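In the authors' numbering, the protein residues as written are 65 to 139, 148 to 198, 205 to 276, 285 to 358.
Structure first, then comments.
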């Protein structure tokens with residue numbers, strides 16, 4: 065399997081760092097961005113190359129599996153992967169599918185064991207793993223402390239209890255992102271990112295690759311732009327594809343990412 069290695073070598077070495085100026089005022093044409101995206105290999109796991117018995121009914125999709133090297137382990149199985157963050161720092165995010173009815177307890181177990189304090193949900197409005211007030215999911219009790227509704231997202235303050243310990247989690251539900259698509263504008267997305275700046287950050291959407299991939303690539307991109315005044319979007323996407331196959335689904339989603347980040351640049355505090 066040299067083909068696996070050609071694929072992995074690309075992911076590790078590809079890069080197109082853009083200056084802030086270039087990103088804002090002279091972006092790569094839409095066609096240039098498609099081409100660039102199309103060269104990015106998927107890095108999906110084969111069902112045969114995962115070899116962990118009876119995992120099938122805890123995935124929502126048969127073709128969307130957690131990469132083994134980065135797989136999260138319930139200390148059995150959950151469709152989830154550790155994701156590297158800014159500068160490659162390990163474990164800044166856990167990307168995961170939205171829970172299934174039989175994977176709800178596992179999800180909370182993961183949140184506990186990995187010491188999660190922040191959960192971002194990306195969906196589009198009209205399964206609930208969190209109650210209206212309180213309930214128990216296996217050995218964990220969840221109680222909501224606080225709910226504040228915003229335009230595009232709802233901020234739920236909650237606690238989790240296991241045996242005789244209690245932890246606070248912030249839960250954010252973004253509700254204006256249609257599957258396989260992008261939000262109509264980028265502002266609300268940036269506000270959500272700003273909300274995330276207040285153990286690993288759980289991020290999920292139905293499959294846990296398309297929108298989950300876009301959100302995370304947006305955080306890191308913003309981090310890059312704030313720190314260095316440059317962003318390497320290609321590289322960011324390569325890095326994610328290394329941690330979980332298929333992060334960022336469509337060319338369009340990738341175009342929007344450049345857009346989301348041009349807006350971040352333009353909105354960084356300056357002086358008139």
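Note that CB positions come from ideal geometry on N, CA and C, so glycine has one too.
Check whether residue i and residue j have beta carbons under 8 Å apart
| i | j | result |
| --- | --- | --- |
| residue 218 | residue 250 | no |
| residue 130 | residue 151 | yes |
| residue 78 | residue 343 | no |
| residue 433 | residue 248 | Here the chain covers residues 65 to 358 and nothing more, so residue 433 does not appear. |
| residue 128 | residue 288 | no |
| residue 105 | residue 82 | no |
| residue 253 | residue 195 | yes |
| residue 124 | residue 193 | no |
| residue 345 | residue 169 | no |
| residue 108 | residue 331 | yes |
| residue 299 | residue 347 | no |
| residue 220 | residue 227 | no |
| residue 274 | residue 354 | no |
| residue 329 | residue 292 | no |
| residue 231 | residue 270 | yes |
Span of the alpha helix (DSSP H) around residue i
| i | result |
| --- | --- |
| residue 306 | 296-314 |
| residue 248 | Note, residue 248: premise wrong, no alpha helix (DSSP H); beta strand (DSSP E) at 243-252. |
| residue 324 | 319-329 |
| residue 88 | 84-89 |
| residue 156 | That residue, residue 156, is in no alpha helix (DSSP H); it is neither H nor E in DSSP. |
| residue 236 | Run containing residue 236: none in the alpha helix (DSSP H); it sits in the beta strand (DSSP E), 231-240. |
Helix, strand or coil at residue i [DSSP, three-state]
| i | result |
| --- | --- |
| residue 161 | coil |
| residue 182 | helix |
| residue 116 | coil |
| residue 133 | coil |
| residue 196 | strand |
| residue 76 | helix |
| residue 66 | helix |
| residue 71 | helix |
| residue 190 | strand |
| residue 227 | strand |
| residue 266 | helix |
| residue 293 | coil |
| residue 271 | helix |
| residue 288 | strand |
Delimiting residues of the beta strand (DSSP E) encompassing residue i
| i | result |
| --- | --- |
| residue 337 | That residue, residue 337, is in no beta strand (DSSP E); its alpha helix (DSSP H) goes 337-353. |
| residue 213 | 212-215 |
| residue 95 | From DSSP, residue 95 is part of no beta strand (DSSP E) but of the alpha helix (DSSP H) over 94-102. |
| residue 205 | Neither: residue 205 is in no beta strand (DSSP E) and is coded neither H nor E. |
With 16 other Cβ atoms within 10 Å as the buried cut-off, status of residue i
| i | result |
| --- | --- |
| residue 134 | buried |
| residue 116 | exposed |
| residue 304 | buried |
| residue 137 | exposed |
| residue 229 | exposed |
| residue 286 | buried |
| residue 205 | exposed |
| residue 210 | exposed |
| residue 294 | buried |
| residue 225 | exposed |
| residue 184 | buried |
| residue 261 | buried |
For residue j and residue i, believed in contact at Cβ under 8 Å, the rounded distance
| i | j | result |
| --- | --- | --- |
| residue 177 | residue 215 | 5 Å |
| residue 97 | residue 325 | Not confirmed; about 18 Å, so no contact. |
| residue 297 | residue 255 | 5 Å |
| residue 111 | residue 126 | 7 Å |
Cβ of residue i within 8 Å of any chain B Cβ
| i | result |
| --- | --- |
| residue 69 | Within the model displayed, chain B is absent; a lone protein chain is all it includes. |
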